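Reading through the structure tokens given below for one structure.
What follows draws every value from the coordinates through simple rules; no lab data is involved. A quick note on method: Cβ atoms are made from the backbone with ideal geometry, for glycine too, and the neighbour counts reach across all protein chains shown.
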Amino acid sequence: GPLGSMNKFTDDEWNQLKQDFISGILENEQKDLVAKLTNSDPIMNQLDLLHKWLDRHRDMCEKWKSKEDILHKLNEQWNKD
């Protein structure tokens, strides 16, 4: 029937988004947090955990559709989580 308000991101678009998020984490000094989260790993960025986390809150992207702003929210959540 009529097009839904879904308009979710595709795996291809999502993967691209993953890189941006990962880049944002290494771009910010906060990258230090990811290194410690892994116990002592480089820019692992936690592809494994990050991917699962992102997917679980992928819907969060719909709460702005922006890029830099989203990173800001994730930063505060990363800090507490």
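Check each of the trypsin sites (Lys or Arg not before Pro) in the chain and keep only those in coil by DSSP with at most 13 other C-beta atoms within 10 angstrom; list them in order. Provide the component values of the computation, followed by the final result.
Numbers: sites: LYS8, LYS18, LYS31, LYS36, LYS52, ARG56, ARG58, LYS63, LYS65, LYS67, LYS73, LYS80; in loops: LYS8, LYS65, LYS67.
Within the chain, the qualifying trypsin sites (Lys or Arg not before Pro) (loop, at most 13 other Cβ atoms within 10 Å) are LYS8, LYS65, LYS67.
In nm, give the distance between the simple-model label positions of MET60 and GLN77, each being 7 Å from the Cα along the Cα-to-Cβ direction.
Modelled inter-label distance: 0.2 nm.
Which residues among the range 42-69 fall inside the zone where the amide N is under 14 Å from a point 7 Å beyond the Cα of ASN7, along Cα→Cβ?
It comes to 61-66, nothing else.
Okay, helix-only estimate at 222 nm for the chain: each DSSP H run of n ≥ 4 adds -39500 (n - 2.57), divide by all residues, round to 500 deg cm²/dmol; what do you get? Each step should come with its number before you reach the end.
Values: 4 runs with 47 residues, N = 81.
Taken over the chain, the calculation gives -18000 deg cm²/dmol.
Using only Cα atoms, find the angle between the long axis of helix 47-56 and the longest principal axis of the chain, and express it within 0 to 90 degrees, rounded to the nearest 10.
40
Please go through the range 1-67 and write out the GluC sites (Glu not before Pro) that DSSP classes as loop and that have at most 12 other C-beta atoms within 10 Å. Write down the numbers at each step before the final one.
Numbers: sites: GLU13, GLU27, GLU29, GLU62; in loops: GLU29.
Those satisfying the criteria are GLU29.
Let me know the volume per residue of the alpha-carbon convex hull for the chain, in Å³. Walk me through the intermediate numbers first.
Working: hull volume 7.8 nm³, N = 81.
Once divided by residue count, the hull of the chain is 96 Å³.
Relative to the longest principal axis of the C-alpha atoms of the chain, give the angle of the C-alpha long axis of helix 11-27, reported between 0 and 90° and rounded to the nearest 10°.
The angle comes out near 30 degrees.
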